[PDB]
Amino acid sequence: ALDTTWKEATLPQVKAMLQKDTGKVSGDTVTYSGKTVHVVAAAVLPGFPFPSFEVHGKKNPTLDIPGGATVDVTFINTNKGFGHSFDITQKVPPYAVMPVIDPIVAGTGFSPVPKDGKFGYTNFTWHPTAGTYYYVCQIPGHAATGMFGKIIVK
């Protein structure tokens, strides 16, 4: 039951999607507001550290989400040669090389690798209850080496 349905986007389409994250940045936190919020996350945008996620142009930021909101996540894999995933868990860091993160509350399978001048992306919806979550990549070693961030749902 992970989201394993992918579409393909050209680079100008990727840039257009990254700009549609509806959060507001303060330091290394992104704060969302409203009834429906749009999170747009990318795996290793050009020039950012490997391995990492970027959301609203920040590396692995803490996401602050209002209670009761509908969360629409768009995940784009921009990293040549790797098929990163985006998975939400309540299991905490530090993560092992093969992390134990079940149950996965929402998230993706492994993404397509970039090819033919295009990039794979997907959309999924999430209706969380209040608490702390983490977003992680499942490729062995990546979470252990820093590819994760925190989500606080009020």
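One rule holds for the numbers: they count along the sequence shown, beginning at 1.
Colleague: Tell me which stretch has the larger mean Cα B-factor in this entry, 24-32 or 125-133.
Modeller: Here the higher of the two C-alpha B-factor means belongs to 24-32.
Colleague: If you average the CA temperature factors as listed in the entry, which stretch comes out higher, 102-110 or 38-46?
Modeller: Higher mean C-alpha B-factor in the PDB entry: 102-110.
Colleague: Which third of the chain does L2 land in by C-alpha B-factor: lowest, middle or highest?
Modeller: Highest third - that is where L2 ends up once the chain's C-alpha B-factors are sorted.
Colleague: State the tercile, meaning the lowest, middle or highest third, of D87 with respect to the CA B-factors recorded for its chain.
Modeller: For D87, the deposited C-alpha B-factor lands in the lowest third.
Colleague: Using only modelled residues of the chain, where does the Cα B factor of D116 rank: lowest third, middle third or highest third?
Modeller: Its C-alpha B-factor, which the entry lists for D116, ranks in the highest third among residues of this chain.
Colleague: What third of its chain's C-alpha B-factors does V55 belong to: lowest, middle or highest?
Modeller: It belongs to the lowest third of the chain when residues are ordered by C-alpha B-factor.
Colleague: Taking the entry's C-alpha B-factors for this chain, is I65 in the lowest, middle or highest third?
Modeller: Its C-alpha B-factor, which the entry lists for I65, ranks in the middle third among residues of this chain.
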